[PDB]
Amino acid sequence: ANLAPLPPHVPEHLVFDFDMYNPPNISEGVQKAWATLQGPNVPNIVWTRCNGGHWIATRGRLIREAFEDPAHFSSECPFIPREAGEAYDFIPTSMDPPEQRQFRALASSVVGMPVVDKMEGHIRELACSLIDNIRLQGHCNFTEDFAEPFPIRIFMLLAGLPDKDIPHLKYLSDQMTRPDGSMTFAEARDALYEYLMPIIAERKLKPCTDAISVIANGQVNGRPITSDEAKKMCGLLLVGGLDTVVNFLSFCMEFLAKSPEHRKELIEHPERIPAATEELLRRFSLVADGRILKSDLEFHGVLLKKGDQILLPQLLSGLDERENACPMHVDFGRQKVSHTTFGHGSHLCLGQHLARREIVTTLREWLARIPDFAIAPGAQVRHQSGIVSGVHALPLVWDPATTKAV
Ligand code: HEM
Ligand SMILES: CC1(C)[C@H]2CC(=O)[C@]1(C)C[C@H]2O
Ligand SMILES: [K+]
């Protein structure tokens, strides 16, 4: 990991060379590898020299404080490294208020609770279909056989995209969150745009009721959304639809495959699933992005200079022992589940109703049919970090005679 030379305004004792794309002991799990930032030795604000050099807030309180302070911590450059944050132009995420407010309203229209409730029957049926089909085999590669097809196919149906384009779209979205290096962020962004611009154009000529039609034919400030804004908005929805829930589901199922007491609780008390969903979202939070400083700022005794970037990992607040006692322990009866998994401040995630509904459906439908399962013997479940953290592969095994037709 290359280290950028230490800027002169940054003092030595705050330096902690954390690589957000390669955190230390990832074999303990990516959330526990990020939590090394909250170890005993570690200041609450640190400078890392990796990825061009940037600050990191490591505590839930400072993360929330920064997220509620867009006048100082701007969304104009929200990704590390700078080159990616500079090329990030998705809408509404790259706008500060009040400008982002009306775009947020358009985006919210296509993935909001009215749309989730409209899709619920599609969501239920595809999840049951996927889990039937594999129920009698006694094994699966969960990432490939459920975690990817279930949320992506729902998102493609909501956006009206053939699905068939999934391999290409999935590969581009991955490039922007956990890059492999064969493309810059801008190169993946520009390929996503070449895909989207003709569909947007096609859909102003022949509108359907899908999400891309509704955006391209939308309005901000009483005037038509432009072609330029429509593709930056549609692009954002495509990266969240393809690379968030997908990764999160694998984390949960890996947890449940090692935790029979937790499985039984959700089978015997199905009304507990929504609360367990919240506690799995805290424990297996997976997003981390950042902000750029609009001005010099003395932040809890540390001088941040105009143009510094600061990583404010959304996943860290709920792993913070100051927010949740015994934070690595999953407790479905936790009296207060404190987290910022879906963000904080004016950018709080718009697709979170879709995500919760997909997570709850996975939990209920998988456990109604495959109540007993395990990680394959001698399998290594390998994690991966980035803007969105993930799981490489999750081989599960189970006895088909202990499954259930429903
Ligand atoms: C477990 C699943 C998900 C998690 C943890 C998650 C996380 C987040 C986080 C942390 C942010 C704030 C980023 C920032 O402050 O810069 C955000 C924003 C956003 N997310 Fe999600 N997301 C998930 C699923 C989805 C899905 C499926 C969609 C569907 C399109 C989506 C759409 C959006 C949008 C549109 C925004 C921008 C809101 C704004 O900037 O005003 N998310 N998400
Ligand atoms: C940070 C996000 C999770 C959020 C904004 C992004 O770029 C994401 C990676 C997808 C979208 O939902
Ligand atoms: K920008």
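Rules used throughout
Residues numbered from 1 in each chain as written, not as in the entry; some residues may be left out. Chains lettered and ligands numbered in written order. Heavy atoms only, no water. Core = buried A, V, L, I, M, F, W, Y, C linked by side-chain atoms within 4.5 Å. Buried < 20%, exposed > 50% of the residue type's maximum accessible area, 1.4 Å probe, protein only. Helix = DSSP H or I, 4+ residues; strand = E, 2+ residues; numbered from the N terminus. Contact = heavy atoms within 4.5 Å. 1 Å grid on protein atoms, 1.4 Å probe; cavity = no way out; pocket = protein on both sides within 12 Å on 5 of 7 lines; lining within 4 Å. Points joined across faces, edges and corners; volume = space filled by probe spheres on them. Nonpolar A, V, L, I, M, F, W, Y, C, P; charged D, E, K, R; others polar. UniProt positions renumbered as here; feature names shortened; annotations may be inferred. Expected span 1.5 Å × (residues − 1). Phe/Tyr/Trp six-rings, centres within 6.5 Å; stacked < 30°, edge-to-face > 60°. Near = heavy atom within 4 Å. Polar contact = N/O pair within 3.5 Å; in protein donor to acceptor, adjacent residues only side chain to side chain. Sits in = over half its atoms within 2 Å of the grid points. Pairing = 2+ DSSP bridges.

Per the deposition metadata, X-ray crystallography was the technique used to determine this entry, at a resolution of 2.0970 Å.

Per the PDB entry, the recorded name for the chain is Cytochrome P-450cam, subunit of camphor 5-monooxygenase system, and the organism is Pseudomonas sp. TCU-HL1.

Undergrad: Requested: an account of the nonpolar core, with residues and values cited.
TA: Judged by nonpolar contacts, the single largest core of 131 residues is most densely connected at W34, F142, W366, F373 and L396. Here this core gets 10 residues from one element, more than from any other, and that element is helix α12 (residues 245-257). Ignoring any residue separated from it by four or fewer positions in sequence, one finds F373 in contact with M253, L256, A257, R263, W366, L367, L396, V397 and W398.

Undergrad: So what about the layout of surface pockets? Which residues, and what values?
TA: By volume, the largest pocket amounts to about 410 Å³. Taken together, 19 residues form the lining of the largest pocket, with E28, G29, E254, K258 and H383 sitting closest to its centre. The set of elements that each furnish at least two residues to the lining of the largest pocket consists of α1 (30-34) and α12. Among the elements that line the lining of the largest pocket, the one with the most residues is α12, at three residues. When the residues that make up the lining of the largest pocket are grouped by side-chain class, the tally is eight nonpolar, five polar and six charged.

Undergrad: Mind laying out the UniProt feature "binding site: heme b" (unreviewed entry) in the chain, listing which residues take part and the relevant values?
TA: As recorded in UniProt, the sites labelled "binding site: heme b" (unreviewed entry) are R104, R291, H347 and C349. Cross-referencing the annotated residues with the lining of the largest cavity gives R104, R291, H347 and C349. Locating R104 in the fold gives a position in helix α4 (residues 100-111). Those residues in contact with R104 that lie beyond four places of it in its chain are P92, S346, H347, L348 and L350.

Undergrad: Residues and numbers for empty space enclosed by the protein, please.
TA: Scanning the entire structure with this criterion turns up three cavities of 30 Å³ or more. Reported here for the largest cavity is a volume of approximately 1,000 Å³. Lining of the largest cavity is provided by 44 residues; of these, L236, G240, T244, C349 and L350 occupy positions nearest its centre. Secondary-structure elements contributing two or more residues to the lining of the largest cavity are α4, α7 (149-159), α8 (166-177), α11 (227-242), α12, β7 (289-293) and α16 (352-369).

Undergrad: Can you lay out α11 for me, pointing to particular residues and giving the numbers?
TA: For α11, with 16 residues, the first-to-last C-alpha span of 22 Å sits near the 22 Å given by 1.5 Å per residue. Counting buried positions along α11 yields 12 of 16 residues, so the element is predominantly enclosed.

Undergrad: Tell me about the packing of aromatic side chains, and please be specific about residues and values.
TA: Counted under the stated rule, the structure contains 17 aromatic pairs. Between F90 and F185, the aromatic rings sit 6.5 Å apart at their centres with planes inclined by 55°, giving tilted as the arrangement. Taken as a pair, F90 in the loop between α3 (82-87) and α4 and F185 in helix α9 (residues 185-205) lie far apart in primary sequence, 95 residues in all. We note that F90, like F185, is buried.

Undergrad: How would you sum up α7? Please name residues and give values.
TA: Most of α7 sits out of view: nine of its 11 residues are buried. Here α7 has its buried residues at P149, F150, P151, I152, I154, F155, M156, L158 and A159. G160 sits one or two residues past α7 and shows a positive phi near 70°.

Undergrad: Hey, could you go over the site of ligand 2 for me, with residue numbers and the actual values?
TA: Around ligand 2, the neighbouring residues are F79, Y88, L236, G240, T244, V287 and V388. In this structure, an oxygen atom belonging to ligand 2 sits 3.4 Å away from a side-chain N or O atom of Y88. Cavity membership is defined here by more than half of the atoms lying within 2 Å of grid points; on that basis ligand 2 lies in the largest cavity. Residue classes in the shell around ligand 2 are distributed as five nonpolar, two polar and no charged.

Undergrad: Break down the site of ligand 1 for me, with residues and values.
TA: Surveying the vicinity of ligand 1 reveals 24 residues, the closest of which are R104, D289, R291, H347 and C349. Take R104: an N or O atom from its side chain is 2.7 Å from an oxygen atom of ligand 1. Interatomic distance of 2.7 Å between a side-chain N/O atom of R291 and an oxygen atom of ligand 1. For ligand 1, the cavity whose grid points lie within 2 Å of the majority of its atoms is the largest cavity. Looking at the shell around ligand 1, the elements with two or more residues in it are α4, α11 and β7. Looking at the shell around ligand 1 residue by residue, the classes come out as 11 nonpolar, 10 polar and three charged.

Undergrad: Describe the sheet that holds strand β14 (residues 395-397), listing the residues and the values that go with them.
TA: Pairing between the strands of a sheet is mediated by backbone hydrogen bonds and can be parallel or antiparallel. The antiparallel open sheet is built from three strands, whose spatial order is β4-β14-β11. With partners counted over all chains shown, the strands left at the sheet margins are β4 (139-141) and β11 (374-375), one partner each. Bridge analysis of β4 against β14 gives three bridges, and the strand direction is antiparallel. The residue of β14 that forms the bridge with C140 is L396.

Undergrad: Break down the pairing of β7 for me, with residues and values.
TA: Summarising burial for β7: five of the five residues are buried, a large majority. Judged from the two bridges that link them, strand β3 (residues 73-74) and β7 form a sheet pairing that is antiparallel. Counterpart to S74 in the pairing with β7 is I292. Sheet topology places β7 next to strand β10 (residues 309-312); four bridges connect them, and they run antiparallel. Bridge pairing in β10 places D289 opposite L312.

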